[PDB]
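Participant: Below is the structure I would like to discuss, written out as structure tokens.
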Amino acid sequence: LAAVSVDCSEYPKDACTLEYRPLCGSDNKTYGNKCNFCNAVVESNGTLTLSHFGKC
């Protein structure tokens, strides 16, 4: 289907190192990883979504 979701249950903010992965939020936010995305998502209250992968 056409719907993605990054769970911060498998990738905690305490789990973000050499592993770098750019993402794009529905708000047009440029993330650097799932932690960065979950970080913003948390700030959204869980409303922020993932527009796509890579850089916005």
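Note that the numbers count up from 1, one per residue, in the order the chain is shown.
Backbone N, Cα and C atoms are what each Cβ position is placed from, and that goes for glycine too.
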Participant: If you check Swiss-Prot, which of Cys16, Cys56 bonds to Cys35 via a disulphide?
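Facilitator: Here Swiss-Prot pairs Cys35 in a disulfide with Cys16.
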Participant: Run through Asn28, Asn45 and tell me the one Swiss-Prot describes as N-linked glycosylation site.
Facilitator: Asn45
Participant: State the disulphide partner of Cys8 as given in Swiss-Prot, choosing from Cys38, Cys56.
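Facilitator: In Swiss-Prot, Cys8 forms its disulfide bond with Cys38.
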Participant: Any idea which of the disulfide-bonded residues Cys8, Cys16, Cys35, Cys38, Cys56 has the thinnest Cβ neighbourhood at 10 Å?
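Facilitator: Among the disulfide-bonded residues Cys8, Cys16, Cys35, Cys38, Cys56, the lowest count of other Cβ atoms within 10 Å belongs to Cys56.
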Participant: What is the interatomic distance between the Cα atoms of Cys38 (disulfide bond) and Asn45 (N-linked glycosylation site), given in whole Å?
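Facilitator: About 10 Å separate the Cα atoms of these two residues.
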